[PDB]
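>
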Amino acid sequence: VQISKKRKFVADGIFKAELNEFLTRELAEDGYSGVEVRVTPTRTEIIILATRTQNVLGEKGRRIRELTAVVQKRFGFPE
Amino acid sequence: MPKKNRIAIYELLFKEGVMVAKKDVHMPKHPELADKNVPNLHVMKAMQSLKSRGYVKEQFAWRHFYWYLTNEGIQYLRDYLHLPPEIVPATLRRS
Amino acid sequence: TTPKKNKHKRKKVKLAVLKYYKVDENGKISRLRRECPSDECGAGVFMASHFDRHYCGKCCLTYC
Amino acid sequence: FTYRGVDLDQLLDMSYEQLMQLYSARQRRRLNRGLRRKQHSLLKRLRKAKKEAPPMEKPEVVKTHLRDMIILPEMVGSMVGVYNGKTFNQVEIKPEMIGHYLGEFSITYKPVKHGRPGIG
Amino acid sequence: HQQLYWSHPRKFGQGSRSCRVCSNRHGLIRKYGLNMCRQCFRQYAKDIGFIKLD
Amino acid sequence: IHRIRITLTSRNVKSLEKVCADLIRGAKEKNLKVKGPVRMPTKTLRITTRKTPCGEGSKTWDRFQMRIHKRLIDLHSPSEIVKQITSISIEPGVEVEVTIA
RNA sequence: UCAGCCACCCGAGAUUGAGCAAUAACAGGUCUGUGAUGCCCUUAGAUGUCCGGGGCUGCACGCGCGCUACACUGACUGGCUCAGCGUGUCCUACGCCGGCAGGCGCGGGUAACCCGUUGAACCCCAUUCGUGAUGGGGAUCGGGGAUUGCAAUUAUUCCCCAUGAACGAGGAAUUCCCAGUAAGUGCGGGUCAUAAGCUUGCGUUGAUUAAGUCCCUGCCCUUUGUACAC
RNA sequence: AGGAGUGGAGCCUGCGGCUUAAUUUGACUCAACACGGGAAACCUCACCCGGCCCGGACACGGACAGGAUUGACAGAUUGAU
Ligand SMILES: [Zn+2]
Ligand SMILES: [Zn+2]
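Protein chains in written order, with our numbering: chain A, 20 to 98; chain B, 1109 to 1203; chain C, 9 to 72; chain D, 711 to 830; chain E, 38 to 91; chain F, 96 to 196.
Here it is in structure tokens:
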């Protein structure tokens, strides 16, 4: 069995609040603007908005790779 | 601390490079390093010792610690795990 | 009234297996103190025979 | 002294389940939910003070830390110090206090003696 | 030592429950499974999805 | 085949009714017998917080709300075509749940 | 004869109730909500922290929110009959044992599907009691009994027997309110292991009087005059 | 113009005040006083009486593998295994 829709819809909120808080605290230097969490049972993608988006990636897609594994091992859902 | 608890902490700091926590002192088991019986205290204080060396990046949140690799952390791990540089972690897998 | 601070420090003999292991000129290895019957301290780890008991280092067992 | 219609001497050999039914529901609930290592150690030290004392000398004051302990018929006669928070006090276990806690004879507050009032 | 450290049982009561974002224990919203402080819910209520209609 | 029911829950009403209209129009495109979007009693979660952080002022309170509109459309169609229609109109802010047989 | 005001007709309705709310200000409160934070203090007989026990509640006296009331437009006992906003993994349907609080098993419900037709209380219809410190009013106390908990003595609560206090409508003063509104009456949410006399919501019954003024309380504007420009 | 009151009684809660080992503390006209989601048996918890632990990272010098540290049964002391 799963959780009730009342407790489900609020738990989708505390996810995006802690995510946005941690994203502000980490990416407060490269001009972080906001998340957009497109949920899908296959892949719950998280769209980062930024000012200089090429500098967010790191060296050919290196810095955001750390954040992928962070949000993977943090919130319990598998890779 | 015992030495066998520390050695399984650096292994998931190479292929991925990150390590999270909870800031729970009395938590008896760190849930990610299961089947080793290491407390949350003995990964949290170990990474506090590693941050004064300068080998993990400090970023806190609501409750969870967060620790990234440093660019000098790869060379310090590749000898401590006695690895060759021929194998590649998740840095250069896609494209 | 007075701060009573104390801690029982450890005092080790010069490689205290010489208190356990005795070998004579023929070369047989004679251990004077008790070997603990427990398996986690079996056949290598010895108890210490005291004035009324023995005492293990791992499972802290006593005797009479 | 008789408690619930039976004298003191039959209470000393009274077993647990038949000792139960002469209590209230709170004491029976305490004896039903069980007594733990912190109380059985006090039974051990209390029976120790029975055997290590000479019989004409009521034993040394076994200072206690269990205010919640019901005065069983087995612990009658022993000298006991009950911690109130600051000090101890030796209290004599008279026979007529079986249905009571230990922690009620140590008054944890000084009784208030008033004076003239301040600003009002 | 190792047995007497966290020996008092931290089940029920406000010793058992604490704020999700700041680890405080006074004024905790438990309803719908939040476990936020009252002061801390007001910071994040627009991002949770709680708005003021009246 | 009976009891093929789709659960559509959202936090807003406009995107939810747009997704409902697109699913009903797509089920009209497949020529199925379609129970339309029924409208469940909308839930509204009330949280009433003191507005102050300390406790000094004139006892003003807050009143937060989350209105969860829940719709249900229903089909009587075999299981291979109900998965095709739900996979097209992927859209944020809503949540889809299907049940079969 | 302008902006608009008043009355009526037709109409569901000729004011629904809230939310949000400027500039400029308080030496307003809050480092005790924050891994928001400056300095200062403290740091291993620790102002860190765990453990255990007390205390936060102690009681000659003052001051504020409230609850129960002082009865007959009432109380006691049967009978009958109606909600809405909400919560629920801990809410509860059903059968049995009990005076009852409660024990047992069985199910349903992650929820317009189960509790639940949410078979609420004042109100109604009958019986008894009849103006007295009464059976009104239940405080204070003795005994048991049962739950929640590691633990109930400084009664945690809850049930049953007893005891029966002041209280005879309340001075000086003072609060709130103009319509489904006061007021009566219950139910739900928060707190919640156990828990509401608190608060925040909801329904039920449902009125008196006013539709005006600056007299008081206080705020604002215009003509005075200044020895004022903190 | 009125209606319900409150202030009067008991009780419940919050403030002063008297005590207390401690009765943690903020807040004092409107703009404090059933407010601090503050209905705290333990925790909460600040306060009082005791008792453990380092959870003193890191850098320097010494001790340093003739050991610094830890668990320690039993007896004594303790409130405790
Ligand atoms: Zn061993
Ligand atoms: Zn908080």
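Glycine included, each C-beta is placed from N, C-alpha and C at the ideal position.
Mark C74 (chain E) as exposed unless 16 or more other C-beta atoms lie within 10 angstroms of its C-beta, in which case mark it buried.
By the 10 Å Cβ count, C74 (chain E) comes out buried.
> Please confirm whether any heavy atom of ligand 1 lies closer than 7 Å to the CB of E43 (chain C).
no
> Helix, strand or coil for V1133 (chain B), going by three-state DSSP, please let me know.
coil
> Contact between the segment 1118 to 1126 of chain B and the segment 1176 to 1186 of chain B is defined here as three or more beta-carbon pairs at a separation below 8 Å; is this criterion met?
yes
> So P148 (chain F) contacts chain A; which residues on that side make the cut at Cβ distance below 9 Å?
What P148 (chain F) touches in chain A: nothing, since even the nearest Cβ is about 18 Å away.
> What does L103 (chain F) touch in chain E if you count any residue whose Cβ is under 9 Å from its own?
The contacting residues do not exist; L103 (chain F) stays about 17 Å from chain E at best.
> With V29 (chain A) and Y69 (chain E) assumed to form a contact (beta carbons below 8 Å), what rounded beta-carbon distance in angstroms separates them?
5 Å
> Please classify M730 (chain D): is it buried, with 16 or more other beta-carbons within 10 angstroms of its beta-carbon, or exposed?
exposed
> Identify whether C115 (chain F) lies in helix, strand or coil by the three-state DSSP scheme.
helix
> For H58 (chain C), which residues does DSSP report across the bridge?
In DSSP, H58 (chain C) forms no bridge with anything.
> Is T144 (chain F) close to chain E, meaning its C-beta is less than 8 Å from at least one C-beta of that chain?
yes
> What in chain B is Cβ-close to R57 (chain E), meaning under 8 Å?
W1170 and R1171
> Run down chain E in chain order and give the residues with a C-beta less than 7 Å from the C-beta of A36 (chain A).
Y81, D84 and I85
> Return yes when at least one heavy atom of ligand 2 lies under 7 Å from the C-beta of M135 (chain F), else no.
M135 (chain F): no, Cβ never under 7 Å from ligand 2.
> Counting only C-beta atoms, is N39 (chain A) closer than 8 Å to chain E at any point?
yes
> What does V29 (chain A) touch in chain E if you count any residue whose Cβ is under 8 Å from its own?
Listed along the chain, the chain E residues whose CB falls inside 8 Å of the CB of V29 (chain A) are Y69, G70, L71, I85 and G86.
> First and last residue of the alpha helix (DSSP H) that includes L722 (chain D)?
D719 to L722
> Does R75 (chain E) get closer than 8 Å to chain F when you measure Cβ to Cβ?
yes
> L118 (chain F) to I183 (chain F), Cα distance in whole Å?
9 Å
> From this set, E:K89, E:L90, E:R57 and E:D91, which residue's C-alpha is nearest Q76 (chain E)'s C-alpha?
Minimum Cα distance to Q76 (chain E) is reached at E:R57.
> Identify the contact partners of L90 (chain E) in chain F, using a Cβ-Cβ distance below 7 Å as the criterion.
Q160
> Can you find a heavy atom of ligand 3 that lies under 7 Å from the Cβ of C64 (chain C)?
For ligand 3, the structure offers nothing, since it holds only ligand 1 and ligand 2.
> With 8 Å set as the bound, which would you pick, yes or no: does the beta-carbon of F49 (chain E) sit closer than that to a beta-carbon of chain F?
It does not; no Cβ of chain F falls within 8 Å.
> Considering only residues of the same chain and omitting the five flanking positions on each side of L776 (chain D), which have a CB-CB separation below 7 Å?
Hits under 7 Å: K748, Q749, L752 and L812.
> Determine, using beta-carbon pairs with one atom in the segment 1141 to 1148 of chain B and one in the segment 1189 to 1200 of chain B, whether at least three such pairs fall under 8 Å.
no
> Just jot down, in chain order, the residues whose CB lies closer than 5 Å to any heavy atom of ligand 2.
E:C56, E:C59, E:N61, E:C74 and E:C77
> Taking only runs that begin and end inside the segment 29 to 76 of chain A, name each unbroken beta strand (DSSP E) of 3 or more residues, in chain order.
Taking only runs of at least 3 residues, the beta strand (DSSP E) segments lying wholly in the segment 29 to 76 of chain A are 51 to 57 and 64 to 69.
> Just the chain A side, please: which residues come within less than 7 Å of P187 (chain F) by C-beta, in chain order?
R57
> At least one CB of chain B closer than 8 Å to the CB of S60 (chain E): is that the case?
yes
> Work out the CA separation of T72 (chain A) and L46 (chain A) for me, nearest whole Å.
11 Å
> With DSSP as the reference, label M135 (chain F) as helix, strand or coil.
In the structure shown, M135 (chain F) sits in coil (DSSP, three-state: anything other than H, G, I, E or B).
> For a minimum of 3 consecutive residues, which ranges assigned as the beta strand (DSSP E) are wholly contained in the segment 750 to 788 of chain D?
772 to 774
> Using a C-beta cutoff of 8 Å, does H1138 (chain B) count as contacting chain E?
no
> Ordered along the chain, which non-local residues of its own chain (more than five positions away) have a Cβ less than 7 Å from that of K79 (chain A)?
none
> DSSP beta-bridge partners for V31 (chain C)?
Answer is C:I37, bridged to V31 (chain C).
> In the structure shown, what three-state DSSP assignment does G50 (chain E) receive?
DSSP places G50 (chain E) in coil when its eight states are reduced to three.
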